[PDB]
Amino acid sequence: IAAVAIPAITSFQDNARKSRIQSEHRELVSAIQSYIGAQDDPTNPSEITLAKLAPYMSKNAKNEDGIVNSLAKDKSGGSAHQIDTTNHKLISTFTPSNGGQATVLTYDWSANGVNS
Amino acid sequence: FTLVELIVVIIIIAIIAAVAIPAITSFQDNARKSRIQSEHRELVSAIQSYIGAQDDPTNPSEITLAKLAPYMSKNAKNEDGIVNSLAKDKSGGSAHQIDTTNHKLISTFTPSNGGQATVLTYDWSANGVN
Amino acid sequence: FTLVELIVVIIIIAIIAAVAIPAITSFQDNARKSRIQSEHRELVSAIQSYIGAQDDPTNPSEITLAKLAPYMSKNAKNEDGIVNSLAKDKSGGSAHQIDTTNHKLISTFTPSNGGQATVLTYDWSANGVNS
Amino acid sequence: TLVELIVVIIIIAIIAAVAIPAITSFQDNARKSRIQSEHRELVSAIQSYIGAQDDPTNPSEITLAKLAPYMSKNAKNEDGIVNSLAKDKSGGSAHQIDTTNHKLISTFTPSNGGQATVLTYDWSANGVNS
Amino acid sequence: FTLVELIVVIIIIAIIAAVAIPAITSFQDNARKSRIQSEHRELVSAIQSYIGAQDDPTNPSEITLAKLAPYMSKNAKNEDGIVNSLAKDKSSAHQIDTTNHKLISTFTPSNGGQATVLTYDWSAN
Amino acid sequence: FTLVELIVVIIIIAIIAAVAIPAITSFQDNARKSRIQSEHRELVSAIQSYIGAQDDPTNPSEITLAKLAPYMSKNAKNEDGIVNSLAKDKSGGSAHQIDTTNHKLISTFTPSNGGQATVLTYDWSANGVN
Amino acid sequence: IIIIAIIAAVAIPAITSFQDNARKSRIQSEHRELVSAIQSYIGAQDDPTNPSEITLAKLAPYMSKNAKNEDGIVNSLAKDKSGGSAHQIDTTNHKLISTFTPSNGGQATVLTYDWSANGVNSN
Amino acid sequence: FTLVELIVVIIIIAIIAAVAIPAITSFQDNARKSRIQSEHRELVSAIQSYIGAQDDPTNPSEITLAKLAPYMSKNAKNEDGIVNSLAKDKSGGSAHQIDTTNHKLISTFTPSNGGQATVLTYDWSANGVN
Amino acid sequence: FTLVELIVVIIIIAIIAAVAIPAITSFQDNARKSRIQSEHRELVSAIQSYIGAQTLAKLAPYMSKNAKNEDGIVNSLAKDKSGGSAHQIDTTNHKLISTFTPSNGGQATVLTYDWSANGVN
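Now for a look at the structure at hand. (Residues numbered from 1 in each chain as written, not as in the entry; some residues may be left out. Chains lettered and ligands numbered in written order. Heavy atoms only, no water.)

**Digging into the side chain of G:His87**
- Positionally, G:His87 belongs in strand β1 (residues 87-90).
- In this structure the side chain of G:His87 is engaged in a polar contact, spanning 2.7 Å, whose partner is the side chain of G:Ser98. (Helix = DSSP H or I, 4+ residues; strand = E, 2+ residues; numbered from the N terminus. Polar contact = N/O pair within 3.5 Å; in protein donor to acceptor, adjacent residues only side chain to side chain.)

So, in structure tokens, the structure goes:
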């Protein structure tokens, strides 16, 4: 009875965090769509940046004062989301604790498309 | 054996609930701007038809959007006349205006956030030259 | 995805559907009146040429637009009656008539709203000239 | 291990008691949005058809069977528009023509039995002066 | 559709509605310029015909459009004053000088450009 | 959780997304029908100006539209043959045809749904009147 | 220790039975976007009334890369797990077909769209 | 809530998030294409009128759009130069340009993805067909 | 409106703008043709009258001056496209010639008259 194995918590923890990042990314990808839809000339995208995308997203459950307190946090192998403002790309990263290979999501609105 | 399972549940329930929530009404406003800009060209088409149906198109008479009335299909329900149908813009009583004395049609729109106004003009005589 | 976005979809549709819609009917009367006047000039040219073809141009016999038939091509649908080529007066059907006993051609138009009518006159008798 | 085995029962008893939500939500009021756009669709079709015969001022008597070849088949490859326009109470199309009055009526009625809604279009009469 | 189609349908309108508007009355007045010339030709033929009326075609008398009126028909309105059946301009668009046997037609456009002149003489050349 | 997936994942998306689709073909017919007529009238004006140039306007030797070619300007993209400029209908490839035996010019059109045809004719023969 | 044999008796829900209503949804909502793409493309070329030889490899510029940044369109659409796109173009028929089959082997469902000579022609 | 239930909530999200995303820009430039095709036919109407209004229409002089300016109205912002009204393209920035010596009007359109260009052309100076 | 609706106007405009248009110059020179063929008979009647009265410079007083008071008939007679009078005389040949050349580079057309040696075989 003493020999029964005990599983580690971190294995279930990390694989849930991997779901959180993957949800928030898919919300930001339509928030930014609304911003480009509503900039004063929507036909010519201009200098999107995360701090100015803020008013489309609700406060955290503590009613704190900025979305860096709401969007998720990661090692980024610290904000789990970043904008490459001059290159017009959004990137979201999940880094495992165990040394497994990292997962990076991406979105890209500057006329690149699939080109294939 | 089960207690580890239960505390695992208690952790994951905590961390998946933190997901951020979008804000309602955020994009809603600029549809009205789209209505204004699409309805302006429709009034330009109407006024440019009336200007051709009068007897002396070389020397046109006055216009007001009351005389312009019989072109706008009565607003999808029992309603009296076109002022009931053209977009409202209470913050800036009718979105459409005619300077009946100086032959100028103007449409205007203004966000609530204090950004600068949108204005559109059409001016149907002796204009266009540099 | 989540509820809020799918609510704003409904709101945007409810707004965008409320653009006004233009009427079907406009500007028809001047189009009819223009064909009337241009066709009138063509009938005046036809009858003026016909007077030169009788055995004595100074004293022609009776003229009727049924006699004037061989000057006008068939209708574009290949129907052959001259009256099926000329415009219709929708007050009631040719908008053109000949006062055969008094040498006068008359082309009439009546506005669709019932306003004031307009008439064009021509005659080939000597009474067509004055000092 | 009897201590943890004891408290496992307590944790189960607590976790099982959570409030369980119910299914309905917007599934009613979303259908009204199908109606609002499918109406403007039929108005665009009928406003094309009314101009195709040789006299746009004396059109023939429209029935939606004559309008039908403007609509695509249902995605399930059904064979007629009544299997495509939104259904309503038996009375089953929410849209009908009553050609003797020259009007198209589109309808809605909520499950709570509240105030019903009507959208009307008319190709005979339109807004009066003033 | 989902939201993206509804932002595309807003983006598209802003660049359909911008198509430029052509003016009105840009080309109106040159129809007067043309019908002035055709009426000039017809009046020239009429005054030429007039020389055959009196007993001696080698010694014709004075002429005015009042004398010449018997040679062309009443108005399409069936009114009969030829001073309104001729073309009209800032001035009758046509003139006769009994003292020089000269017939003149003239047209001046509203844009302030150069005036245009036509002339005929049945007496000497 | 599961049910607030369920509703948006199935119910509301199924209700909102499956509105009826307009048919992309049937709206084209009036545009084709119009451009046919406009080209017909301009071809008549051209041939009616070709006859008046001949050395013997009582007997123009023959007319086929290759001879008529230089009276209309070359199309956009500069595909400089006349047949490249006129309307097409493989079921009529020109939609206009010249009969050299009967001196007759013909135009023809047919709606894609298999409706009744329309035909136009012009004829400069002595058989072409009354 | 006997109590553990009772505590262990709880039945396990089978994950496969919860998938169908999700895949069905991301077939329907994807089909409607491919149709909107086709219905735009058919108006872009120089002859609005004679189609080109449409195939989805030429629709490709109308929708984004995968989140994995793999390019090409076929990597992006939903997969028929029986075998690989769940969306097919039958070029000869001008017909688009989309297919779904439940894992337990129930009756199939197909969506369809067709952009030539395809008015209903009621009764 | 039990773990074997709680993980399917993860699975459903992992499926439903992975829809395709439509690319805005490829829909946008299909509209800019239809500006070019409309504005070109307006410039043809203007230049074909101006050749008719000159002092001797058989002997037209050089043309520039600056000379052509008064024939179409100034833009909705009451900006006062023709060049601001006409559409813009990277092949410029005006998409429309006139060859003063070869008497040719050229409109060019460049796809945003760097694909194959498209050009429209008109030529009033006696070039004709065949 | 929605895209399914909105793109059909793009279709319709793309169709309506394709209508062909007539060539201006191909009427205009076939008009000029008529003043050549007609004024040829005016010159013939004048010079035939002159040879009964007992180069076009000698003929000049026999015909009316232009409506804009040009200085002589050489400015009233029509203009040759080739290279300027479209009419010429040669008193070494007793011959009058008139010519028209089309703008397309197609077949040129020539009239002739002589006050001697009419008639054949």
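**Structural notes on the interface of chain E and chain I**
- Counting residues at the interface gives ten residues for chain E and eleven residues for chain I.
- It is E:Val9, E:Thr119 and E:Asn125 in chain E that bury the most area against chain I; as a group they hold 43% of the surface buried on that side.
- Inspection of the region where chain E meets chain I yields zero salt bridges.
- Our enumeration of links across chain E and chain I arrives at two residue pairs in polar contact.
- Mapped by element, the contributors of at least two residues to the side of chain E that touches chain I are α1 (3-16) and β3 (116-121) of chain E.
- When residues in the side of chain E that touches chain I are grouped by element, the largest group, five residues, is from α1(E).
- Across the side of chain E that touches chain I, the residue classes tally to seven nonpolar, two polar and one charged. (Contact = heavy atoms within 4.5 Å. Buried area = accessible area lost by both parts, 1.4 Å probe. Salt bridge = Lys/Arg side-chain N within 4 Å of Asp/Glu carboxyl O. Nonpolar A, V, L, I, M, F, W, Y, C, P; charged D, E, K, R; others polar.)

**Observations concerning the sheet that holds strand β2 (residues 104-109) of chain B**
Residues and elements named next belong to chain B.
- Strand order in the open sheet made by the three strands is β1-β2-β3, with antiparallel pairing throughout. Strand pairing shows two members of the sheet lacking a second neighbour, β1 (96-99) and β3 (118-123), which therefore form its edges. Direction aside, neighbouring strands of the sheet carry axes that sit 20° apart on average.
- Of the strand pairs in this sheet, β1 and β2 are connected by four bridges, and their pairing is antiparallel. Its bridge partner lying in β2, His96 is registered against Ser107.
- On top of the sheet, helix α2 (residues 30-53) reaches β1, β2 and β3; it is set at about 170° to β2, its chief contact. (Pairing = 2+ DSSP bridges. Axes fitted to C-alpha atoms, helices over the stretch in contact; angles between N-to-C directions.)

**As for the sheet that holds strand β2 (residues 104-109) of chain F**
All names here are of chain F.
- Ordered in space as β1-β2-β3, the three strands form an open sheet in which the pairing is antiparallel. One side of each edge strand has no neighbouring strand; the edge strands of this open sheet are β1 (96-99) and β3 (118-123). Strand-to-strand twist of the sheet, defined as the mean angle between neighbouring strand axes without regard to direction, takes the value 20°.
- Taken strand by strand, helix α2 (residues 29-50) contacts β1, β2 and β3, and its axis lies near 5° from that of β3.

**Looking at the environment of D:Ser111**
Residues and elements named next belong to chain D.
- Note that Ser111 resides in the loop between β2 (103-108) and β3 (117-122).
- Considered as a pair, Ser111 and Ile97 are 14 residues apart in the sequence and their alpha carbons are 25 Å apart.
- Within the local environment of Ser111, its side chain forms a polar contact with the side chain of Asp28, the two groups lying 2.8 Å apart.

**What about the pattern of salt bridges?**
- What the rule picks out here adds up to 19 salt bridges over all chains.
- Between F:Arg35 and F:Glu39 there is a salt bridge, and its shortest N-O distance comes to 2.5 Å. Here the residue F:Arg35 and the residue F:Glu39 both occupy positions in helix α2, the gap between them amounting to four residues, near one helical turn.
- Judged by its relative accessible area of 1%, F:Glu39 falls in the buried class.
- Among the ionic contacts, a cluster of salt bridges with common partners joins A:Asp14, A:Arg17 and A:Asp74. (Buried < 20%, exposed > 50% of the residue type's maximum accessible area, 1.4 Å probe, protein only.)

**As for the packing of aromatic side chains**
- Taken as a whole, this structure holds eight aromatic pairs over all chains when the rule is applied.
- Ring geometry for G:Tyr62 and H:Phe27: centres 5.7 Å apart, planes at 55°, overall tilted. Here the residue G:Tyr62 occupies a position in the loop between α3 (56-59) and β1, and H:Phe27 occupies one in helix α2 (residues 24-53), the pair thus bridging two chains.
- What links up through ring pairs into an aromatic cluster is the set F:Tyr50, F:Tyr71 and I:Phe27. (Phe/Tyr/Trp six-rings, centres within 6.5 Å; stacked < 30°, edge-to-face > 60°.)

**Notes on the interface of chain F and chain D**
- Listed by partner, the interface residues are 16 residues for chain F and 23 residues for chain D.
- Here chain F meets chain D over a buried area of about 1600 Å², counting both sides, of which 65% is carbon and sulfur.
- On the chain F side of the interface with chain D, the three residues burying the most area are F:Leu3, F:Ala20 and F:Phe27, jointly 29% of the side's total.
- Put simply, chain F and chain D have zero salt bridges between them.
- In terms of residues, the side of chain F that touches chain D owes the most to one element, helix α1 (residues 2-17) of chain F, which gives seven residues.
- Residue classes in the side of chain F that touches chain D are distributed as 14 nonpolar, two polar and no charged.

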